[PDB]
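Read the single chain below, which is given as structure tokens and is the form deposited in one PDB entry.
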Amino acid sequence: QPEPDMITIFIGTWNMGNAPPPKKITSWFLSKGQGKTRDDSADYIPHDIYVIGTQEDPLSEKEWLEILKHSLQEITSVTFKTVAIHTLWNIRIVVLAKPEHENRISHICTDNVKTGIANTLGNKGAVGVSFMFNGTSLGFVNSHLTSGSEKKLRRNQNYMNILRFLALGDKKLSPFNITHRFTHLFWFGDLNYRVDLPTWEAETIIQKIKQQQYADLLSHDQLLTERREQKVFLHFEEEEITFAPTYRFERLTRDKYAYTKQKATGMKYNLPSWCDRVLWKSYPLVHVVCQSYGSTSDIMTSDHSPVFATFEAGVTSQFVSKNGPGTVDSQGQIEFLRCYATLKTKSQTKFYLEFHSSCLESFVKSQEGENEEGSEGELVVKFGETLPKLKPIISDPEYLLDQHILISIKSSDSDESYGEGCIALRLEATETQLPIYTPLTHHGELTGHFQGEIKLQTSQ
């Protein structure tokens, strides 16, 4: 029975509005409704992994797991295994997988982050799950961010707190936050970003939605504009939105948007918005293809519609050789030539690098670089040909070309990371000097760049 090199992943996000679901929710898992929908010919094909994020979820874990498992068994005739379930308040994440994957899944982690302080601490935040699927690390975040059209900067702050403090994946990757710990990271939820148009334009917006003309609405979507201005979700992807706004509906129909201010809303308007989203970030040159992104039309118990997204995701096998794991493969090496970091910092400490990868027995510390002043004010840290030769555990090119090197640049004075990035070993050539590049981030914000050349020696 061969190990897969691709799997499909279902991501669902649904703000349930504190109401129990209707009896049938299969359209959600089938990716049927509005937007980029799944072909009918695939309906009986199970996804490998189903990740379900809810917000305002009124159910117990047991109650929701029974509904989800029943739903999937009715669609696929497969009894899914529960990988993980984690709840913070009324924010929940469930991960289900086909039974054949039970012995491919390991290192399961869960965590939550509570956002805000005092007044603003007690219902918003995030839950997450991570695990290994054979040689591939997968992370999943379900966040419920701050509500309200005039709180976009609070949402951006909520995002940065969640990616700083959510403790998932390999704790040995100590310089790295969740935006660097996984081959594939999916981040979804009621992100609560709104269409920023005047209140007076509510009926005009509704008109546009009825005509399926989303362009003049999407150009005002706060998440798209904040992402274009590099305020949030830097280096994440989102499929094009081709479904109507998923909030705020009158319950028990989808015929009406309920936008007007009420005591129940704190006298706030809720103009139709794409609150409910799925984004992802995968390591460079790993296969990831969105195959659906849409909303259901037939699940109407909440003031939000459920959102679905599905992905093809490249995965690798748990590689064994005669040598590694448990020794090096002297036939393998990674060399960095002519490397330098450009940093936005005003500080003047010496810096060193750390190289982290599951292709190394443990992380590698460089010598300090040589600081120069850049033309336009910047700090340039030169490593030249000084970087330590990296010794992978396995030299087979079928393994090594699929790996990645995480890089942290750290202050000699504080040992704190000033920037983190990732280099793919999926090179055009081996035994050949080739350009490499990553942006560097810290707390998910841009802090610099790392560029140079690589020379990769494999057993071939």
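Residues carry their position along the shown sequence, with the first being 1.
What comes next is about the form deposited with a small molecule bound, which does not appear here.
With the small molecule left out of view, the stretch that reaches within 4.5 Å of it through heavy atoms in the entry with it bound is, among 251-259, 309-317, 326-334, 99-107, 99-107. Within this chain, residue 195 is remote from the site of the small molecule in the entry with it bound, having no heavy atom within 4.5 Å. Contact annotation: residue 348 falls outside 4.5 Å of the small molecule in the entry with it bound, judged by heavy atom distances.
At the 4.5 Å threshold, heavy atoms of residue 84 reach the small molecule in the entry with it bound.
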